[PDB]
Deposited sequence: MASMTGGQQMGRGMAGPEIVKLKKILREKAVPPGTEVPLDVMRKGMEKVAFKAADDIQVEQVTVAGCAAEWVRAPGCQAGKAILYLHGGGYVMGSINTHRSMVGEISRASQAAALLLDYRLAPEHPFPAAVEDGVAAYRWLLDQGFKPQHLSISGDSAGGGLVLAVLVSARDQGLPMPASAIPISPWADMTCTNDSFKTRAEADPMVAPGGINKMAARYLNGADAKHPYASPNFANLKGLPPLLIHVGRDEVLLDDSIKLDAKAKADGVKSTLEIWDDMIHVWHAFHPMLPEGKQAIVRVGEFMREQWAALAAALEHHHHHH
């Protein structure tokens, strides 16, 4: 039974959606995402750094433990999103997990197609290791495209001999560039948030959409550290997450999948107005904390 904040938030999102099959130019979506982005809580401090040739910020809520870090990989379909767009949500993930996040401005398509984003994530993780963070004091998390990227970064790191961090948390992961899953049809009407194919097209630029590093639902996941996967019941990507879970489990990975009833794509990001957003983020940070104490 839907809380009143989600019902209202859904109505607002349908109210301001661009009608299906309007072609919005890239630079227009990019700017829209920036201008609507939530301001981080005033107790979030930030520090600008350069990491593997990318802009980044250390994002530190109050209560951050020395020695702990999150590599955070933002969504935006591999084509948009930035530090600015995700600073707020990431501030709250830092609060809940009592760890600073490294929020990476990785290379975006179409200017930098696949595998540029995977290269940046692996180099950023390598960077954290070089700075002296122990793999057992590290976590990787990301939303949407960023959540698939979490998985791609792990796989690529694993293949290159890097140690696995203590946990990974994909949020609403887009882990299948082919976009063929049942839930693109079964969940379409419930999801107020095609356009996603155009992003796959821009990211791939010719590459096999079943490349394990583009679509980690087709990767070998053996060796990956324990996963929390968040996904909403009312989202077209439900299937990416159910399938990623069963893959991980097949492959010997400790997976925990939570499907949140009534929730939409990255409902986390609506935390200031959605109780379930605040709730899901508290859960993400609890899980990073559990995994770091085990």
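Enquirer: Which segments of the deposited sequence lack C-alpha coordinates in the modelled structure, numbering from residue 1?
Expert: Unobserved in coordinates, per deposited numbering: 1-13, 207-209, 311-322.
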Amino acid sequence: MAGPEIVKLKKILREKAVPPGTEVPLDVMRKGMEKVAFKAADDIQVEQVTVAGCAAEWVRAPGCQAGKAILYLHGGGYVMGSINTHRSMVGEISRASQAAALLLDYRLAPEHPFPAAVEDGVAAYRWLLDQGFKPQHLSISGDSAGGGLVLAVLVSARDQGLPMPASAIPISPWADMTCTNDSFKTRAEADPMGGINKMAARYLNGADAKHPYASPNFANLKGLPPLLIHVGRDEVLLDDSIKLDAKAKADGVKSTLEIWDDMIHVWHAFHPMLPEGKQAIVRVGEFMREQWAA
From here on, numbers count along this sequence of modelled residues.
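Enquirer: Once you work out the mean C-alpha B-factor for both 216-224 and 75-83 from the entry, which is higher?
Expert: In the deposited entry, the stretch with the higher C-alpha B-factor mean is 216-224.
Enquirer: Please compare 96-104 with 182-190 and name the stretch with the higher mean C-alpha B-factor in the deposited structure.
Expert: Result: 182-190.
Enquirer: Tell me, please, which of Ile264, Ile229, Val36, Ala269 has the highest C-alpha B factor according to the deposited entry?
Expert: The C-alpha B-factor peaks, among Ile264, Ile229, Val36, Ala269, at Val36.
Enquirer: Rank-wise, by C-alpha B-factor, drop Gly91 into the lowest, middle or highest third of its chain.
Expert: Lowest third.
Enquirer: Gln160: which third of its chain by C-alpha temperature factor?
Expert: Middle third, going by the recorded CA B-factors of the chain.
Enquirer: Taking the entry's C-alpha B-factors for this chain, is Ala66 in the lowest, middle or highest third?
Expert: Tercile = highest for this residue's CA B-factor.
Enquirer: Pull the Cα B-factor of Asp240 out of the PDB entry and bin it into the chain's lowest, middle or highest third.
Expert: CA B-factor rank for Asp240: middle third.
Enquirer: Split the chain's modelled residues into thirds by Cα B-factor; is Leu128 in the lowest, middle or highest one?
Expert: According to the entry, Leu128 has a C-alpha B-factor in the chain's middle third.
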